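Encoded as structure tokens, the following chain is the form deposited in one PDB entry, with no partner shown.
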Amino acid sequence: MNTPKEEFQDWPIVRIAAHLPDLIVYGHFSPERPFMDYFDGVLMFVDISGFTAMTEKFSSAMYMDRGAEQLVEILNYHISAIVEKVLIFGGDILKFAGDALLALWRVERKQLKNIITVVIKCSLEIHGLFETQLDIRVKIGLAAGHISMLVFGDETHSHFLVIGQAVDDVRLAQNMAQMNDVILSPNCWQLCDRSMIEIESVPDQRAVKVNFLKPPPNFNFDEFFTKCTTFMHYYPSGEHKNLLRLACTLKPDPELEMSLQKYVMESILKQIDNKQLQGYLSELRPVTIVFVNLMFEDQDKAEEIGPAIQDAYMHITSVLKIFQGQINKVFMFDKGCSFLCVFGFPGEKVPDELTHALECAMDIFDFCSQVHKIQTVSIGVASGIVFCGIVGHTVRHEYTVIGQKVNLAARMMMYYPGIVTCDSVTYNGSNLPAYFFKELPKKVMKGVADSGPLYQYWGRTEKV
């Protein structure tokens, strides 16, 4: 009898699981919302510099209207390589955010110290890719300690995010990095194996910069790594050691698929289901970004903030429905929970996009300001040409947005807290009377090329 080769079957459930971390794929938690889980781990936050400027340049005539295609190609060529190293080193990519990503090594507390060495070795290999071969740099922040996960949503949509000091720290660490630095959180530094890791300290900072690894005499990284894999639940092994992810072996299971699909946008499921040409989700399109930020008294306290995020989510999704927008991503962004919402994504191109974005934003502002435990709401609104597309590796990728206007909306919400703000394109393009707005003082902002005048959306009735 023959034993013929079994071709890989790229079932729908496998295509879905490319868009999710192992944390969700193999999580099996309750469908109650909010749901909270607690664990320890090491986080790596990898941030590429230079793609929003490249994004702007790929709209230029030299690209002959293949800018989106060229952009995604050159982005994924680079990001794929970084995704592979994370996976090969045993990490779980949690989420892509534009030209950045967040990765997790979830381990028992006794194993943190050793796992930190693994993650540093990985981060230095990723740093390496950028010291070779046009205009892009990488900042890496590392953190370790207690992590909480929140799952929130409704009967058709699910979102997760991670919370706690390690989460805050990893972003803090990454923000300090000079171009091409690997920075460890103070807690990471405290738990790491200091006899191996040569650091230099950082100005007015307890966080530290990694110079190099200095293995002891008998040290063998492959044997060490192998010991560490004992603690790695899903590391591909044995018959599957040739795969980047165990998720590549998932088999059809309608219950699991129903649960996983709730995390993925409808337009992406259409493509997975071969109901739309692939070409069409990579685009440079004019959209409006609505970047919502919710601040709490204590943003590390999941059982306090979880209900409030769920509450906020329920209202947000309902008004976005009305005003025709979508939630692209939710994540903790030092100080708060941020929702990155988009008007004008595939299918939801309306006229009066701008007006709607503003009225939606005001509605969210009003409602969220009264949700218990939400200290402060801030919302930034910006409009322009943004890259929208699937970023990552074939085995692990997500739909995301990259552009100067995304950055602008995020920086507005931080530099102008407690109000709804908008850019000049949104202001000028809105249907709305000029006295619905206030012209704002100009602020020098980080990592935003130029704002042009900014405004507060004061809203329809007077407040003085």
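Shifts are known only where both forms have a C-alpha. All residue numbers refer to positions in the sequence shown, first residue = 1. Basically, rigid core = biggest C-alpha set you can superpose within 1.5 Å across the two forms.
Counting the other entries of this protein, is residue 134 left out in at least a third of them? Affirmative; at least a third of those entries omit residue 134.
Can you say how many deposited residues have no coordinates in the span between residue 218 and residue 219, choosing none, 1 to 3, 4 to 9, or 10 or more? Count of unmodelled residues in between: none.
Output the stretch having the higher mean C-alpha B factor in the entry; the candidates are 193 to 201 and 110 to 118. So the stretch with the higher mean C-alpha B-factor is 193 to 201.
Stretch exceeding the other in mean C-alpha B-factor - 176 to 184, 120 to 128: Averaged over C-alpha atoms, the B-factors run higher in 176 to 184.
Can you tell me which of 211, 158, 249, 276 has the maximum CA B-factor listed in the PDB entry? Out of 211, 158, 249, 276, the record gives the largest C-alpha B-factor to 211.
Sort 85, 349, 393, 241 by C-alpha B-factor from the entry and give me just the highest. That would be 349, according to the entry.
Classify residue 169 as lowest, middle or highest third according to the C-alpha B-factor given in the PDB entry, relative to its own chain. Middle third of the chain for residue 169's C-alpha B-factor.
Just say lowest, middle or highest third for the CA B-factor of residue 237 relative to the other modelled residues in its chain. Lowest third - that is where residue 237 ends up once the chain's C-alpha B-factors are sorted.
Please say which third, lowest, middle or highest, residue 326 falls into when its CA temperature factor is compared across its chain. Answer is middle: the recorded C-alpha B-factor places it there.
Third of the chain, ranked by Cα B-factor, where residue 17 sits: Tercile = lowest for this residue's CA B-factor.
Ranking the modelled residues of this chain by C-alpha B-factor as given in the entry, is residue 301 in the lowest, middle or highest third? Highest third, going by the recorded CA B-factors of the chain.
In what follows, reference is made to the form deposited with a small molecule bound, a form of this protein that is not presented.
Of 287, 170, 358, 188, which one comes within 4.5 Å of the small molecule in the entry with it bound, counting heavy atoms only? Result of the distance check: 170.
Please identify the residue among 85, 106, 95, 121 with any heavy atom within 4.5 Å of the small molecule in the entry with it bound. None of the other options qualify; the answer is 95.
Stretch in contact in the entry with it bound with the small molecule, which is absent here, among 347 to 355, 324 to 332, 310 to 318, 108 to 116 (heavy atoms within 4.5 Å): Selected stretch: 324 to 332.
Though only this chain appears here, would residue 379 touch the small molecule in the entry with it bound if you measure heavy atom gaps against 4.5 Å? Judged by the heavy-atom cut-off of 4.5 Å, residue 379 is well away from the small molecule in the entry with it bound.
Does residue 383 make contact with the small molecule in the entry with it bound, using a 4.5 Å heavy atom cut-off? No, residue 383 is distant from the partner.
Just checking whether residue 263 would be counted as a contact of the small molecule in the entry with it bound - the rule being heavy atoms within 4.5 angstroms. Judged by the heavy-atom cut-off of 4.5 Å, residue 263 is well away from the small molecule in the entry with it bound.
Would residue 368 sit within 4.5 Å of the small molecule in the entry with it bound, counting heavy atoms only? Residue 368: no, not in contact with the small molecule in the entry with it bound.
With the two forms aligned on their rigid core, point out which item of 335, 315, 157, 270 shifts its C-alpha by 2 Å or more between this form and the one not shown. Only 335 moves by 2 Å or more at its C-alpha.
Large-shift segments between this form and the one not shown, meaning 3+ residue runs whose Cα move 2 Å or more when the rigid core is superposed: After core superposition, the displaced runs are 7 to 9, 135 to 137, 298 to 300, 333 to 335.
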